[PDB]
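K.L.:
Protein chains in written order, with the entry's author numbering: chain H, 1 to 52, 52A, 53 to 82, 82A to 82C, 83 to 100, 100A to 100D, 101 to 211; chain A, 57 to 68; chain L, 1 to 27, 27A to 27F, 28 to 213.
My structure is below; once you've seen it, I'll send some questions.
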Amino acid sequence: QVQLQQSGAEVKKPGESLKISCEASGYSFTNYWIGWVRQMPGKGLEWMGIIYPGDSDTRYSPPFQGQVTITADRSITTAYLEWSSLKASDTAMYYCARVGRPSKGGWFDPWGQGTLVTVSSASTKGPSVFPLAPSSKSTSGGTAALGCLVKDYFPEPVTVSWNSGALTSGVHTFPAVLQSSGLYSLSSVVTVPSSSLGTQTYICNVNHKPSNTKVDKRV
Amino acid sequence: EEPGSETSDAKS
Amino acid sequence: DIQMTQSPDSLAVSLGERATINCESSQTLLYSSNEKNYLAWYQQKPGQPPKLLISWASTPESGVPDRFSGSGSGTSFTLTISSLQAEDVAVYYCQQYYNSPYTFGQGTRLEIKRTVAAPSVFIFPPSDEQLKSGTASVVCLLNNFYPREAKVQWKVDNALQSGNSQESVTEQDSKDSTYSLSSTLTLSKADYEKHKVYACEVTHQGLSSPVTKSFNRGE
C-alpha cells in the first residue's frame, strides 16, 4: 500500500548544501499534496510546507519561507527538501508526510519514517569509554551503581550493552548530551546488589558505527 | 472566511 | 496565520484515570457551510513518527481504541482518554488544516502519574584512565525517581559550581514509571587535582531534605 521512503541520515558541515528525498508509492503521486515536518531534538512538530506534484504549486509556513525549497519529480514520484547553506540549528528529524486525502488540503497521513540531519563543524571521532566504578563495598547489604562514561564522540549514535546483553535489568543508558566542544557524551549505568560486586564481573560493550569503534570496558 | 484547504489549496 | 496552543504542556495522569488534553486555535476552525471542524490529533511515541488519531475533530481513525475521543468545536477542542493505559504514554499534537500553513500545536506530553519516589543518589569520581587525558568528568546519578523534576547542585571544596555541568534524563520507565537522571561535572584535570571534596546535592519532592553524596579525591 502507501509507502513514503525517505533518504538516509545525513551529517553535514555548516555552509554545505543538502537535498533530502522521499520516494512515494501506492497512490497517484500527482493527486496528493506532500510535504515536510521538522522536529528539532526534544521539541515539537513544525509544519514546513507542502507541494502538489500535479502542478508544482507549493505552500510554506513563514519561518521556512525563504529558508528551504520543496520540489518534486513526477517521473520518479519523489519529493525533495533542499537547503542552500545549512546551519547548526538545522539539526533535527525531518519527516516527509502525504496529506491524508487527495486533491485538497488537510492533515498528514501517512508519515515517512524520518531522516535525521546533523549539521556540525565537528568531524567523526570515536568515543573514549571510561569506567564508573561501583564504590559501595560488597558487605553493605544494599544496592550498588556502576557504569560507563562514553565520552567525546561524533556523530550520533552509540549503542551500549552490558555483559554482551545478559545484563538488562536495572540498566539505564542515558540520552547523549552535546558538549560545548561539539562532541557528544553519554553514560550507561546499572544497579546491582552490592553482594555481587566481588563475585560477578561487569563489562559494558560500546559500539560507535561511524568510526568503527567497538570497545568492551570492564568495570 | 472559509477554509483554504477546501479552496485555495484544492486541486483537480 | 493560525496559532495552535495546547494545554497543558505536560500532563501526569494515574493509570485508569481520565486524561484531558486541550487545544485552542486563534481563529475558528469551524466551516459554517459544512459544519466541519478542520482539526486533527496526532500521537507520537518516543522514537517513532507521529500517527494520526482523529480527523475532523470528532472522528477516530480505524483501530483507534474506544478510550480515545475528540470533542469541541470552533476554537476549543479536547482529546480525551477515558481511562489511561500504559500504552498511551506519548506526546499528543493537535493540528489545524483550515488555512495553510497547517500548523501544529506545541505538543502535550502525557506521562503516568505514580506515587512520589525519591532518587537513589550515587556519585562517581573521574576514572584513572580519563585522568590521563587532561579531562575530568564527575558523574552524579539520580536513580528511579518520580516526578521527573529534580535539582542537582555541584560543590567543589564547598564552592558552588555553575555552567560546567550537563544533565540527561531517561524516558519514563515502562515497568516502574520512574525516571533516572545523569549529571556530569566537567573540570580540567589540573583543577580536579587542585581540590579535595566533590559533592552533588540533590533536591527532590520525595526527599524530606536535600541529600548530599560526596567523595574526597584520593580517598
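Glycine included, C-beta positions come from ideal geometry on N, C-alpha and C.
Excluding sequence positions up to five away, which residues of its chain have a Cβ less than 7 angstroms from the Cβ of A:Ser64?
P.N.:
Taking the second sequence and counting its residues from 1, the one referred to as residue 64 of chain A is at position 8. Here the set comprises nothing.
K.L.:
Per DSSP, what kind of secondary structure is H:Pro98 in: helix, strand or coil?
P.N.:
Counting from one through the first sequence, the residue named residue 98 of chain H turns up at place 102. If DSSP states are grouped into helix, strand and coil, H:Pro98 belongs with coil.
K.L.:
Whose Cβ in chain H lies nearer than 9 angstroms to the Cβ of L:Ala34?
P.N.:
As a working mapping, residue 34 of chain L is identified with position 40 in the third sequence. Those within 9 angstroms of L:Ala34 in chain H are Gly96, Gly100B, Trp100C, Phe100D and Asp101.
K.L.:
Near L:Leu27C, what residues of its chain come up, given a Cβ to Cβ distance below 7 angstroms and the 5 sequence neighbours on each side ignored?
P.N.:
The residue labelled residue 27C of chain L in the question sits at position 30 within the third sequence. For L:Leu27C, where only same-chain residues beyond five positions count, the Cβ hits under 7 angstroms are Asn31, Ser67 and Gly68.
K.L.:
Suppose you measure from the CA of residue 212 of chain H to the CA of H:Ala71; what does that come to, to the nearest Å?
P.N.:
The displayed coordinates of chain H run from 1 to 211. Any statement about residue 212 of chain H would go beyond what the structure contains.
K.L.:
Tell me which residue opens and which closes the beta strand (DSSP E) that L:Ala80 is part of.
P.N.:
Against the third sequence, residue 80 of chain L aligns to sequence position 86. Per DSSP, L:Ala80 belongs to no beta strand (DSSP E) and is neither H nor E.
K.L.:
As a quick exercise: from L:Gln27, L:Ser14, L:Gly157 and L:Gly128, pick the residue whose alpha carbon is nearest that of L:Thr5.
P.N.:
Against the third sequence, residue 5 of chain L aligns to sequence position 5. Selected option, being the one with the closest Cα: L:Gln27.
K.L.:
Where do the N-terminal and C-terminal ends of the beta strand (DSSP E) with L:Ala19 fall, by residue?
P.N.:
Here residue 19 of chain L is taken as the residue at index 19 of the third sequence, counted from 1. Unbroken beta strand (DSSP E) run through L:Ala19: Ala19 to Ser25.
K.L.:
Using a Cβ-Cβ cut-off of 6 angstroms (strictly less than) and excluding sequence neighbours within five positions of H:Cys22, which residues of its own chain qualify?
P.N.:
The count along the first sequence starts at 1 and reaches residue 22 of chain H at position 22. Only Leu4, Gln6, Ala78, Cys92 and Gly104 meet the Cβ criterion.
K.L.:
Counting only beta-carbon atoms, is A:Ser61 nearer than 7 angstroms to chain B?
P.N.:
The chain labelled as chain B is not found among the protein chains of the depicted structure, namely H, A and L.
K.L.:
Applying a beta-carbon distance threshold of less than 8 angstroms, which residues of chain A neighbour H:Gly35?
P.N.:
For the purposes of this step, residue 35 of chain H is identified with residue 35 of the first sequence, where counting begins at 1. Those do not exist, as H:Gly35 stays about 11 angstroms from chain A at its closest Cβ, beyond 8 angstroms.
K.L.:
Closer than 9 angstroms, Cβ to any Cβ of chain L: which residues of the stretch 101 to 120 of chain H, in chain order?
P.N.:
Against chain L - using a Cβ distance shorter than 9 angstroms - the residues of the stretch 101 to 120 of chain H are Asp101, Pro102, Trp103, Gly104, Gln105, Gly106 and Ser120.
K.L.:
Would you mind reading off the limits of the beta strand (DSSP E) that contains L:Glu55?
P.N.:
Indexing the third sequence from 1 puts residue 55 of chain L at position 61. Per DSSP, L:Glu55 belongs to no beta strand (DSSP E) and is neither H nor E.
K.L.:
Would H:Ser112 pass as a contact of H:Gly174 if the rule is Cβ separation under 7 angstroms?
P.N.:
Taking the first sequence and counting its residues from 1, the one referred to as residue 112 of chain H is at position 120. Taking the first sequence and counting its residues from 1, the one referred to as residue 174 of chain H is at position 182. Cβ atoms of H:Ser112 and H:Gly174: closer than 7 angstroms.
K.L.:
Which whole-angstrom value is the C-beta distance of H:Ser17 and H:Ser74, which I expect to be below 8 angstroms?
P.N.:
In the first sequence, residue 17 of chain H corresponds to position 17, counting from 1. In the first sequence, residue 74 of chain H corresponds to position 75, counting from 1. 23 angstroms between Cβ atoms; not a contact.
K.L.:
Based on Cα-Cα distance, which residue from H:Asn31, H:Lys19, H:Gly133 and H:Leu178 lies nearest to H:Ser186?
P.N.:
Within the first sequence, numbered from 1, the residue matching residue 186 of chain H stands at position 194. With distances taken between Cα atoms, H:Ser186 lies closest to H:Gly133.
K.L.:
Output yes if chain A places a C-beta closer than 7 angstroms to the C-beta of L:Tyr91; else output no.
P.N.:
Within the third sequence, the letter at position 97 stands for residue 91 of chain L. Closer than 7 angstroms to some Cβ of chain A, the Cβ of L:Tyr91 qualifies, so yes.
K.L.:
Quick one: what does DSSP say H:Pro202 is sitting in, helix, strand or coil?
P.N.:
Looking up residue 202 of chain H in the first sequence gives position 210. H:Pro202: helix per DSSP, three-state reduction.
K.L.:
Taking the alpha carbon of L:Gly41 as the reference point, which residue from H:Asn31, H:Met89, H:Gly49 and H:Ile195 has its own alpha carbon closest?
P.N.:
As a position in the third sequence, residue 41 of chain L is number 47, starting the count at 1. Among H:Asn31, H:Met89, H:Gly49 and H:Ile195, the Cα nearest to that of L:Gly41 is on H:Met89.
K.L.:
Which value, in whole angstroms, describes the spacing of the CA atoms of H:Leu170 and L:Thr178?
P.N.:
The residue labelled residue 170 of chain H in the question sits at position 178 within the first sequence. The residue labelled residue 178 of chain L in the question sits at position 184 within the third sequence. Distance between the alpha carbons of H:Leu170 and L:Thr178 is about 12 angstroms.
K.L.:
Which of the three DSSP states, helix, strand or coil, is assigned to L:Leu125?
P.N.:
Position 131 of the third sequence, counting from 1, holds the residue named residue 125 of chain L. In the structure shown, L:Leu125 sits in a helix (DSSP, three-state: H, G or I).
K.L.:
Does the Cβ of L:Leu15 have 16 or more other Cβ atoms within 10 Å, making it buried, or fewer, making it exposed?
P.N.:
The sequence position of residue 15 of chain L within the third sequence is 15, counting from 1. Classification for L:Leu15: exposed.
K.L.:
Report the neighbours of H:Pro61 on chain L: residues whose CB is nearer than 8 angstroms to its CB, in chain order.
P.N.:
By one-based count along the first sequence, residue 61 of chain H stands at place 62. Neighbours of H:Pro61 on chain L, chain order: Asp1 and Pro95.
K.L.:
Check whether chain A comes within 7 angstroms of H:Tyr176, counting only Cβ atoms and requiring the distance to be less than that.
P.N.:
The residue labelled residue 176 of chain H in the question sits at position 184 within the first sequence. Cβ-Cβ to chain A under 7 angstroms: no for H:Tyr176.
K.L.:
Measure the C-alpha to C-alpha separation of L:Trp35 and H:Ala84 and round it to an integer number of angstroms.
P.N.:
As a working note, residue 35 of chain L is residue 41 in the third sequence. As a working note, residue 84 of chain H is residue 88 in the first sequence. About 30 angstroms.
K.L.:
Say whether chain H places a C-beta atom closer than 7 angstroms to the C-beta of L:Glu123.
P.N.:
As a working mapping, residue 123 of chain L is identified with position 129 in the third sequence. Judged by the 7 angstroms Cβ criterion, L:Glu123 is in contact with chain H.
K.L.:
Please report whether the beta-carbon of L:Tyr27D lies at a distance below 7 angstroms from any beta-carbon of chain A.
P.N.:
To locate residue 27D of chain L, count along the third sequence from 1; it is residue 31. True, the Cβ-Cβ gap to chain A drops below 7 angstroms.
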